[PDB]
Structure formats: structure tokens, C-alpha cells
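What follows is a single structure, written as C-alpha cells, with notes after it.
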Amino acid sequence: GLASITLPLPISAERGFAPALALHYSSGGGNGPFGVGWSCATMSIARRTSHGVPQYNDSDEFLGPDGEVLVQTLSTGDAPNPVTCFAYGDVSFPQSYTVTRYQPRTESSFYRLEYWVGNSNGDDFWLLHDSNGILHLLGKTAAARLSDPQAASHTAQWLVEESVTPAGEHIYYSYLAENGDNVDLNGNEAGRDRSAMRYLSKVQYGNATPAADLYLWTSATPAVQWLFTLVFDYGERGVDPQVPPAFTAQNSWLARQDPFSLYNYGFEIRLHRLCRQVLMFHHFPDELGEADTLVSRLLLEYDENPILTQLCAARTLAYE
């Protein structure tokens, strides 16, 4: 489409169901976690802003996985919309859910998209059954939701949090909330609520044993053995090409020179972080003698300045 450069990520994809993510450059792109022009975002459902800031009520419109304008599926006698759901498959829930099907207003699609709202606590998320038979939970937990810091029920973006194939293969996405680590909280940074932003942190896949049900139906964090972890690091592990980065971060993430805030959702979303590297980890402790094995390191070099940060170089290192 509008992307004119693709930088692949070092994703191990020989064992079937793996994330398909890459860095894309667009000359018209704005700033973000990869500086000006570059982007690598996961799938999401979002509230529309083109026709005004959402009010977080009934009058809001939503956008589908490809940005298409959505509309509630017309409710009929044979297929009422919304429905009340007490369970999904073999998993029964502590609370029932009002489930509303949404579909593209004018664009073509072949999926089933649903908005789930808890009848007892109001916790809301999205469920997508896409044209390839993969089932996605988006924004199942608050950690995978871009929400108003002063009103957690006001979510602007539900980020994809878990995907499952018909064969029981899973992908689990983890996100980190923005904070004030290494930020001088005086002057221009005083009184700013900076916890809204969500950065992609870990993509875990290759579950040891197949499971048909989405893990996030049952728990807030899946307790399973993953074989593969794609880590997006924002400086916590160190950017020295001579020193290999450890799996668990010992330091806090770096603060960028060009922080900025976004406001079209009706609350502040401030960005202090830049993704410095993308790491590929394998988890074969029995056959390798260690819990975490780094196999590939995509190191990104930036031109950092207070006006704009621009990616200038990239390369994939190995430490054998």
C-alpha cells in the first residue's frame, strides 16, 4: 500500500503458527515508537475520531481491523443483536456478557466481529473470527487497552491480545504501560498523565501442548510453556552491540529526546519511548541447558534530537 520499505523482523516461523510482523516505512507517516515514518503495530479495534472525538457512549462509531467504518448488524427475529452470552465453547464465565455483532458499513469482509461487554463489571473487549479461521481476543485485559487514565471504561483502542488456530496453536501479546522512568517530571512534564500509552513488549507463541480454548477466557495471564518469545526492547536491556541483551530487563527503559502527546481520543497519550531492538528468544531448557536462548538481535540505530527521531540504520547480530 503506502509503505515503500519493509524491514523484516527476525521471527522464527518454521514451526507453523507465528506472528507476521514487520517494520514498514511510509514517507507520510508521523512519529511513534520507531520515530518518524516507521511503524510496526499489532491488529486492533478502535473508536473513530474523523467525525469528532468519541464520547464513550452509544453514539460512537468503531473501526475494524483494517480501519473500516463499522455498524451494528441489523437485529432480526431469527438473529437478535445483541445476544446474552454465559459461556464460550466449554468455558463458562463468572458473569454474563452483552455481545453485539459489528460489520463493515460499506467495505467487503468475511469475518465475524463481536463487542463483548460484561453485564456485572462492564469490562469490554472484542472477539474476531477472521476469514482464515483464526480466533482473536482484542483488549481482553486492561493491559491490552489504550484507555483514558482517569476513566478505565473509556477505551480508544483494543489491541490484539491472543490468537488461536483451529489446531490449538496460540499467540499471546504482552504490552507495557508508559510511565515516568528516566523522565524529568519538572517544567514541561509536570502534571502530565503519561500512563495511557501501550507499547508492544512480548509476542509469545509456539505453545508446548495444543489447547482449543483461548487462554484469556479463563485467566488474565496464560500459564503455559512457550517455546518462542519475540521481545520488543526500548533500551532496558542495553543497546551496546558488544554486550548481548539478557531475556529479563535489569534497567528501566530509556527516555527519548523528542517526546510528544496525542489528544484526538479525548485524553492525553504521551510517548517517551523508542524501540531500540527486536530480539528472538527460544525456550528449550532440556535440549539446551538454559531457560532462554537468544538467537537473533535486530539492532536499530536512530538519529536522535529534540525535534525528531529518525531511524538511520538496522542490522541483525548473532552471538555464537
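About the Cα centre, and with charges only on the beta carbon of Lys, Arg (+1) and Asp, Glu (-1), how big is the dipole of the chain? Nearest 20 debye, please.
Working: 19 positive and 36 negative charges, 77 e Å.
For the chain, the charge dipole is close to 360 debye.
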Round to the nearest 0.05 the FRET efficiency obtained for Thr98 and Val243 when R0 = 51 Å and r is the Cβ-Cβ distance. 0.50
If a paramagnetic tag sat 7 Å from the Cα of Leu317 along the Cα-Cβ line, which residues of segment 3-31 would have the backbone N under 19 Å from that point? 8-11
Within segment 59-76, whose backbone N sits under 14 Å from a point 7 Å along Cα→Cβ of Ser50? 61-71
Using only the Cα atoms, what convex hull volume per residue in Å³ does the chain have? 159 Å³
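Fewest Cβ neighbours within 10 Å first, please rank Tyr172, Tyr265, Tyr25 accordingly.
On the way: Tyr172 24, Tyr265 21, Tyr25 17.
Fewest-to-most ranking of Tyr172, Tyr265, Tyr25: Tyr25, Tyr265, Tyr172.
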I'd like the Karplus ³J(HN,Hα) series for segment 39-53: coefficients 6.51, -1.76, 1.60, θ = phi - 60°, whole numbers in Hz, and an x wherever there's a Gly or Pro. 8, 8, 10, 8, 4, 7, 9, 9, 7, 5, 10, 4, 9, x, 4
Karplus (6.51, -1.76, 1.60) ³J(HN,Hα), θ = phi - 60°, over segment 109-124, in Hz, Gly and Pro reported as x: 7, 9, 9, 10, 10, 9, 10, 10, 10, x, 6, 10, 10, x, 4, 10
Helix-only estimate, please: 222 nm mean residue ellipticity of the chain, summing -39500 (n - 2.57) across DSSP H runs of length 4 or more and dividing by its residues, to the nearest 500. 0 deg cm²/dmol
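As an exercise, use a Förster radius of 30 Å and the Cβ-Cβ distance of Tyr263 and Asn121 to find the FRET efficiency, rounded to the nearest 0.05.
Numbers: r = 28 Å, r/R0 = 0.94.
E(calc), rounded to 0.05, equals 0.60.
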For segment 169-179, in residue order, the Karplus 3J(HN,Hα) values (coefficients 6.51, -1.76, 1.60; θ = phi - 60°; whole Hz; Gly and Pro = x) are 8, 10, 10, 10, 9, 10, 10, 9, 7, 5, 9
With unit charges on the beta carbon (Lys/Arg positive, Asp/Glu negative), name the residue among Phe267, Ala142, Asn251 whose Cα is farthest towards the positive pole of the charge dipole of the chain. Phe267
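So how do 275-287, 249-261 stack up, highest first, on mean other-Cβ count within 10 Å? Before the final figure, lay out the partial values.
Details: 275-287: 17.8, 249-261: 15.9.
Answer by packing, highest mean first, reads 275-287, 249-261.
Bear in mind that the values in this text are calculations on the coordinates, not laboratory data. Ideal geometry is used to build each Cβ from the backbone, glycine not excepted, and the neighbour counts take in all protein chains shown.
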